[PDB]
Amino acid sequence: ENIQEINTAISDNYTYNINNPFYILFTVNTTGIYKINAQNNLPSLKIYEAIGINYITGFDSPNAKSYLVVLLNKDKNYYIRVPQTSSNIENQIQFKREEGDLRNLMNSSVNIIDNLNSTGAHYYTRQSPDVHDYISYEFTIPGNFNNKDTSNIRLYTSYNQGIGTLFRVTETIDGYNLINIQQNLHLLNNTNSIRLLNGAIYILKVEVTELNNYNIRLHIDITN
């Protein structure tokens, strides 16, 4: 334990500059939804609440890009756990309060999927959230966007059952907008495919409903 401490209560925006796991203590001025991440979403963070310590969301998976969407209350203390990495380039933790559609993603870790090929099978293994807890996946459909071209996408898991919510994302100067694409996807061994636009960005929210395995394994299979 080498707890570093943020001097004053975070406002809406904040940037905290930084080979061993340490913790960052902070409070927020206004209760609300916060996006917390490193640069650039490396490494993945975990966040805790100081009981008066309880886990909230986030995983510890090496080389895995992600950010946190979490509801922070003004009259509570929170801890960010940053794991050991590699001392090449300096890091920093970014804090932004979100009043928009990101509300649909609390309290979830949002995985950044950045290695999708034209077609084929893809799977991403993370530590599974507890029953009724959330893990999300932000991905871009391969290919150039033309509001016409489309790939077929099969989303499913291997052991744990979960309810999926699929959003399409658009961005303004105010942040993300989330548009409903598909609700109530039963993910365990799901054979249903959905046609999604090439070049479009999507976010899948996964609520674990059956904890059958320590790791949750999201599959993204792409056909023409």
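One rule holds for the numbers: they count along the sequence shown, beginning at 1.
S.K.: Counting only residues from the deposited sequence, how many are left out of the model between residue 52 and residue 53 (none, 1 to 3, 4 to 9, 10 or more)?
M.R.: Gap size class: 10 or more residues without coordinates, per the record.
S.K.: Count up the deposited residues without coordinates from residue 18 to residue 19 and drop the result into none, 1 to 3, 4 to 9, or 10 or more.
M.R.: Per the record, 4 to 9 deposited residues are absent between residue 18 and residue 19.
S.K.: Please compare 169-177 with 34-42 and say which has the higher mean C-alpha temperature factor in the record.
M.R.: Between 169-177 and 34-42, it is 34-42.
S.K.: Mean Cα B factor from the PDB record: higher for 69-77, or higher for 147-155?
M.R.: The deposited B-factors put 69-77 ahead on the C-alpha mean.
S.K.: In this PDB entry, which of 128, 108, 140, 88 has the top CA B-factor?
M.R.: Highest C-alpha B-factor among the listed residues goes to 88.
S.K.: Which third of the chain does residue 218 land in by C-alpha B-factor: lowest, middle or highest?
M.R.: For residue 218, whose C-alpha B-factor we compare with every modelled residue in the chain, the answer is the lowest third.
S.K.: Splitting the chain's C-alpha B-factors into thirds, which one does residue 210 fall into?
M.R.: Middle third.
S.K.: Determine, from the deposited record, the chain-internal third of the Cα B-factor for residue 58: lowest, middle or highest.
M.R.: For residue 58, the deposited C-alpha B-factor lands in the middle third.
S.K.: Going by the CA temperature factor in the PDB record, which third of the chain does residue 196 belong to: lowest, middle or highest?
M.R.: Answer is lowest: the recorded C-alpha B-factor places it there.
S.K.: Going by the entry, which third of its chain does the Cα temperature factor of residue 64 land in?
M.R.: Highest third, going by the recorded CA B-factors of the chain.
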